[PDB]
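K.L.:
Here's a sequence, model it:
(chains A and B, ligands or ions: 1)
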Amino acid sequence: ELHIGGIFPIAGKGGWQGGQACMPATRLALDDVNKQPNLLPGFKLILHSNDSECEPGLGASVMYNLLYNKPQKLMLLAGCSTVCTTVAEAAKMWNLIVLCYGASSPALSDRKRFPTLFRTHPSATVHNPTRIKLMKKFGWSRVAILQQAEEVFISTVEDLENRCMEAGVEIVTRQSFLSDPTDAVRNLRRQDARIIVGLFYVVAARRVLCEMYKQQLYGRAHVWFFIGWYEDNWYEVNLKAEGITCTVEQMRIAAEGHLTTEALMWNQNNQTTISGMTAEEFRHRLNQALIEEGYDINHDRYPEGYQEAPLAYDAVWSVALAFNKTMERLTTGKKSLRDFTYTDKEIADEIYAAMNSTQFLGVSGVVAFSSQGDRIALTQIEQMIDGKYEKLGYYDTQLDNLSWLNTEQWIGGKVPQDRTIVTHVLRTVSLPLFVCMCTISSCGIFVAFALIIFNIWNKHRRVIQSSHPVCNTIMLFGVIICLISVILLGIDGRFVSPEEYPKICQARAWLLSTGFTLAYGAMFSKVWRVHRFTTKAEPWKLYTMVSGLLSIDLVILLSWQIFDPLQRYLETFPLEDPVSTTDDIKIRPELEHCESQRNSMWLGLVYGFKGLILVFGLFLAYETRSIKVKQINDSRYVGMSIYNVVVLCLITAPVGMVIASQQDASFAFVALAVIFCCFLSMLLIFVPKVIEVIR
Amino acid sequence: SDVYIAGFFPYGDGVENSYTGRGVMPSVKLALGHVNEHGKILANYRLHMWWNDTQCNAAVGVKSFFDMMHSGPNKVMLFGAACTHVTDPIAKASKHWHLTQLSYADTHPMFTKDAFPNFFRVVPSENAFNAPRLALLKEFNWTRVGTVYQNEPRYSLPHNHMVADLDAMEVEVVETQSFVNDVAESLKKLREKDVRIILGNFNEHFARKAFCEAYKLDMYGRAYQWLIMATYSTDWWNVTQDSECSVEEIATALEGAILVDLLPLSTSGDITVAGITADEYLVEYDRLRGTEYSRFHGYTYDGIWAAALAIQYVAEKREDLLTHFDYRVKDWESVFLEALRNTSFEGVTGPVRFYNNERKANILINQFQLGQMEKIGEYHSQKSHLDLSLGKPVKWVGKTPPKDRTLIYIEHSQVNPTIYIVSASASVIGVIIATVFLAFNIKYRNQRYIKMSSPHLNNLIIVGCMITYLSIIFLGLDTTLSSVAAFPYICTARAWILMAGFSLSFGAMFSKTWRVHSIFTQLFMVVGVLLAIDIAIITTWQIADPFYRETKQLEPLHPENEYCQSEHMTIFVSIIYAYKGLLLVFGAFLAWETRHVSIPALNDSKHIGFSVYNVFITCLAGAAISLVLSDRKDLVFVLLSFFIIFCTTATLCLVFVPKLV
Ligand SMILES: C[C@H](NC[C@H](O)CP(=O)(O)CC1CCCCC1)c1ccc(Cl)c(Cl)c1
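P.N.:
Residues are numbered from 1 along each chain as shown, chains lettered A, B, ... in the order given. Dropping the coordinates below:
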């Protein structure tokens, strides 16, 4: 006649008075252990029990009374986590195994403090792998935590964080309140979080729910991982008693589409358990037995600890199975379970070995214990739709088996993302604008080369013979290079890979500077030669100055290219709202501005050189109003053109920097102005020559 | 005539915290012998301590407690365990036996009255270390303290009470660091702010690690002051366990640190309830203790005496102590509770008297000086008083306590009369020379001077030369010599007069150069025309862009610039400089072109060219140093005033009338 000890929190105040339903259930199991089957061949398993009232002092008193009285006990059963810690941590001294049917505290998972503790109740950190699997199943990586800091949620949140660091999930916030989450859920939509896991009790859960309508934290852009073991209608009860300013309608409205992950305490299948009945049959029998105790559960008002009755039933059945295996192994000799004392280490170790290797289908499912005494449970996932919970699936934590019933109803038909994904788009010059500018530049190159070919008459006719043809050839060759630079100025990153874009960026500046220098070695230096000839009153004195200007600006450009080039300075802009997509994609523009380290220094140096030459040429042409010379006969035209070229170059560079952030207009002006600067300065010089040469 | 008490000790062999059990048992025997050998304290009674060895285990302690409850003589009180995780289960379990528990060595800051009504503490908790440290912050003026504490609860609630208590005393927390295993990161975070006084809550190993890092990163001393609780072992810094820092290395960072610890015995000459002073009891304990020692020996002696007092009170009130003692009967506990609330007696550790449930005991305060831990003083908690004169004097690194907030003063710059007075004297001599040359030009209409360059333009260039000196004096003036409200005007005087100096000096040469230019192949108004190009734009300075000085205090090592307007300068000043440079390069180029042209009726053109060349080079250098080397106004002035005066003197000497015999 084996005896066991049980501690059941029945008649207490506060805490978890779960014995009210967990005491009768064990009794039922007791019958099903000893009355019907041959589970104990010649033994009747008895249970001595007393109330603990969910406090550790009375639990210790009950344990002392049980362990220091005449009927010898072989095992201790305990309820809440406080009593479970009080008994299990002190149980090794008496060589007793403590099986707890309602201890969900994660702090009980350390075998060092509790060497003989088994819990048929799943630990509070059993949903965390399921939450992480759900996060990795919908592609979410940015999640937030809303704690309550009750010394039990801290451990669960720590476990969740440590498991997240092994899954790549990034946690944005760890907001934790104590009684009022107003200043804890408000900051949730500051580090804007869409996926939020709630780690609070039902009393705080209702208040958190009420504190996410006026903050508008619900809808299509947010998903809540609530705790799954609340009451089914946990949002429409205890309203007036609490300071819930919200209403039942809005209570339900934002409960839509939140996922709850729970530890399974009832067998979801219809299979017959080892007890000889199914989960529904045991539920009906427990309902029949509980009404005798003084409960009116026919019209609801369920007793406390109702959901954990299968845990107590399976705890008793696990005790019986372990004892049966213990006597089966102990028959190889003379020692028996009846002759057990608190100083008998071998029998206690054998019972521990038997309770380690337990694997049976009970009312709560496949009951087995992990290496640290925790209950190996199959997690269950459900979602609230229109104020009702629909089961999305189940998850096996030990081996990755996510049995999914595709019944998740995401609003909008698509899984919400964990953030507002930003896409960077490169703003480019308009294709028709670039094509038109390229065609105009090609026409300019064609006409320039046409004049270069037409310069064949240099010896044939005196009009070009006495016009210093080498200077005109230099001018045209500079015009061609500068027009090519204009073409290269429209080639943005849309047309070239970014890894080679700096090559085009550097080539643009090099070609533009070289072209301008060659176009003012003939538009200004010829005027300088005219002025000097007039004052002092032939070909080396012009080409040498051209070569000197080319030498200095080539040195400047080479130093710019080698010492400090430009790569990319893609700018930004306000986060634009894109076309109708009904989704959170934020499109941000980026330009392709060039910028070197000391871009101001290089640009100022080059622009000062150009401006000095421009002002020199303008003033020389001012002094070159009417000093017409025989051998430089086109001294009045190539001066007439200096005025317009100077005004164009003094009107383009200033406003160009102002509009440089506008991709289209800046390119359009810097192209059209150069087109004119190369068109009038070409016509004024060469069309009179063509008119005079043939007539 | 035999009253029993139940005791729990960490005894026997190698168990953790065993020294606290084997070092207090001699004191327990001493107190039992003194109580039994004493009259008028308890008669027809004999206090017997039934004690069990709780091997630092929460299970062994509970089993021993249940064993002494189930069998043996009725124990009337519990002598609490010296380990928190051992006494906490006993404290929770004994509440249903209606027993009063008295602790002798447990300092954990969680055994409050609300959670443990029957747990009285002769030894004060760690919270009792808050008051002395915060007292020192009042003794030496430190109103800015940083806090680093171990995340364990034993070093968490005392820190919370401290940061909630120093708030009322106008002391501001700068930072709060709570490490777990790495203290170096906490120290780096603390140094991120400029905090010098640190309050630390950690165990001896973590104290060694913290000072290891406080050497690794420089917090050794003479500027950083430490204030930590030090209920550690003797010579804890001498144990080699930190990050490779030797004993001769962990001590350097420990120098000048103030440590608060539990006072083992009262240093006053008061006579205890045993009839012997604390020194006689110390002699007896040292004689009967052998090699084992613990700081709680006086505390457990006083605990046994308090238990005897409580039993005497219970006997006086309830006569049926030994014939009606029932665990299940509640009122007994209440009586003992009252007996433990009327306890007020002088013991070997001071006035024992329970206030809420704990005891206010004197706090020893010592300081690491010259490679040794020397006592500094005592903080009496009954009458809160920081007696700092009892021990050795407080030895500071240097002569002054470390400052809570680093102080570096900053007062302007640009000064040293000399740099300015010599420049003012040079400008006075320069304007004297300019006036002398003007007088020498006044004797016009005499041969060559009549036929030379226009003497009117000479008076204009001389006026320019003098106004350049006026410009350098006006520009050099600072805000320490004049009213600060006059800063814009002088800034305007910095600009306008300077723009005048270029107009009336460079323009005079420019007019002659333009004449020579018009010659190679009614007139001085060009200078005025040039004046226009500046005066109008200077008005656009005042009308829409009021001057606002920018005070930038940069690298104030063991000074702030007072520059001009904080307005558009790269748009405005750049334009002025570009226009001046255009004029300079124009003049230089025409002078180069007009080199050897004699062209009478306007003489000394070559000297005008030389003057324009030196003006070009000096102005280029001055602009470069002004736009680049703008570190402080003193250096700018000492670099530019000499150049300005040299160039101006060259201009007024080369062209005026050099010798002309
Ligand atoms: C699922 C969980 N099982 C009970 C748990 O094992 C008992 P426990 O582990 O002792 C935690 C208690 C703490 C005090 C208040 C009740 C919870 C449960 C069931 C119902 C409620 Cl109302 C709660 Cl808060 C927790």
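
K.L.:
tell me which element residue B:176 falls in.
P.N.:
strand B:172-179 (DSSP states H and E).

K.L.:
which residue is nearest the middle of chain A?
P.N.:
With distances taken as Cα atoms, centre = their mean, residue A:142 lies nearest the centre of chain A, 3.8 Å away.

K.L.:
secondary structure class for the one residue in chain B that gets nearest to the ligand?
P.N.:
Chain B approaches the ligand most closely through residue B:92 (14.9 Å), counting by Cβ to the nearest ligand atom. (Each C-beta comes from the backbone N, C-alpha and C, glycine too.) With DSSP: H, G, I helix; E, B strand; the rest coil as the basis, residue B:92 sits in helix.

K.L.:
Excluding chain neighbours, what is closest to it?
P.N.:
residue A:56 (4.7 Å; Cβ to Cβ, 6 or more residues apart in numbering or on different chains).

K.L.:
got the contact list for that neighbour?
P.N.:
A:82, A:83, A:85, A:86, B:92, B:93 (Cβ atoms under 8 Å, 6 or more residues apart in numbering or on different chains).

K.L.:
Can you flag the buried ones in these?
P.N.:
Listed as buried from the contacts of residue A:56 are A:82, A:83, A:85, A:86, B:92, B:93; burial here means 16 or more other Cβ atoms under 10 Å in any protein chain shown.

K.L.:
quick one: which of these is nearest to residue B:387?
P.N.:
residue B:92 (39.3 Å; Cβ to Cβ).

K.L.:
got a list of what the closest one touches?
P.N.:
Counting by Cβ under 8 Å, 6+ apart, residue B:92 touches A:56, A:57, A:60, A:86.

K.L.:
With residue A:556 instead?
P.N.:
Per Cβ under 8 Å, 6+ apart, neighbours of residue A:556: A:513, A:605, A:606, A:609.

K.L.:
Quickly note the distance from the second one to residue A:391.
P.N.:
In other words, residue A:605. Separation of residue A:605 from residue A:391 (Cβ to Cβ, to the nearest Å): 73 Å.

K.L.:
Tell me who's in contact with the residue nearest to residue A:202 when sequence neighbours are not counted.
P.N.:
Counting by Cβ to Cβ, 6+ apart, residue A:202 lies nearest to residue A:230, which is 5.0 Å off, once chain neighbours are set aside. Applying Cβ under 8 Å, 6+ apart to residue A:230 gives the contacts A:202, A:205, A:260.

K.L.:
what does the one helix or strand residue A:441 maps to rub up against?
P.N.:
Element membership for residue A:441 (DSSP H and E) is helix A:431-454. For helix A:431-454, contacts defined as Cβ under 8 Å, 6+ apart pick out A:472-473, A:476-477, A:479-480, A:483-484, A:486-487, A:490-491, A:664, A:667-668, A:671-672, A:675, A:678-679, A:682, A:686, A:690.

K.L.:
burial measure for residue 340, as a count.
P.N.:
By default, I'm working from chain A. 20 (other Cβ atoms under 10 Å in any protein chain shown).

K.L.:
Chain B was what I was after
P.N.:
Neighbours around residue B:340, by other Cβ under 10 Å: 22.

K.L.:
got the contact list for it?
P.N.:
Each residue near residue B:340 by Cβ under 8 Å, 6+ apart is listed here: B:100, B:102, B:120, B:306, B:310, B:354.

K.L.:
Let's see if you can find the most crowded of these.
P.N.:
residue B:120 (29 neighbours).

K.L.:
Would you map the strands across the stretch 451-600 of chain A?
P.N.:
With DSSP state E, counting those that start in this stretch as the criterion, the stretch 451-600 of chain A has strands at A:585-590.
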